[PDB]
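Take a look at this single chain, the form deposited in one PDB entry, given in structure tokens.
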């Protein structure tokens, strides 16, 4: 295997493919990148067994076919450490790979390419293309609501659903939930799959905000996304994900509308004096007014009064202020609508001028 290529043509690919690597976790081989030269193309692959990130680079200079694996971090650091505009010549020398540039020489240890983990072949059952920004909006709008290390591992991921002419994402940890849907102009079969937490992050990080669209392929046990010269593929999580339709409040008759930023800043200041453990704050809703209060064990107290639009009945309701702030931070709109029922029922929050995304938060008891 042999190839010479510009430093800048390797940086992004190396950065992207090193994404699935959690340092030196499982097998030693997983800390290595798979290098393969076939045709006039160099392929780089990083994996963690659960997912895989593949980069393809055009080889305009002379090359020889072959494959091997090398330590990801070191190879990347070497390439990054070389001067800008540097030509990097790489050649496999038996058990080691020689990297040369200018008067800099590096010999890296290898591991048989034949032993590099690879996701078994699978077949896609659903395919569609959509703008990168759309996939970005979908993930960002709900990512913060995925569970982290919950026993019900199926919650430690994000649901991706194709329904009608829309793609939807759902995330929840049992206390709060986020759902968002966008139209892709393509008639799609009804399908639902759970993407592992790390896959969601990798997918998100894989977007360059470019104009080039994203090609998504979904199978019974895998999901794949092609962006430019990168191909990401991840296994899916098994288990029945809760139905957001069953979680959305059934009778949120009381509707409060307020400026998202004044609301966020008020909750932010009040949170300072909330219990560090439970983060509870109290909301007192009255005609066109919202009063937010917080107190902690040492009996300190925060009180915020805001003008809002509300004509319903008076009520008090508690919430984990972090869950509320997470929502207001994700909405980043002008005004938000809070739809309540009672003090022991969840609340649905959403942009006052858009129902494409909805958030559900269970109140706290106190």
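Rigid core (definition): largest C-alpha set, two forms, superposition within 1.5 Å. Positions refer to the first chain, counted from 1.
Form deposited in another entry: not shown, discussed below.
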query = Which listed residue, 163, 253, 77, 125, is the one whose CA shifts 2 angstroms or more between this form and the one not shown with the rigid core aligned?
reply = 253
message = Using the rigid core as the reference frame, would you say residue 134 shifts its C-alpha by 2 Å or more between this form and the one not shown?
response = no
request  = Kindly check if the Cα atom of residue 286 is displaced 2 angstroms or more between this form and the one not shown relative to the superposed rigid core.
outcome  = yes
request  = Return yes or no for residue 313: a CA shift of at least 2 Å between this form and the one not shown, with the rigid core superposed?
outcome  = yes
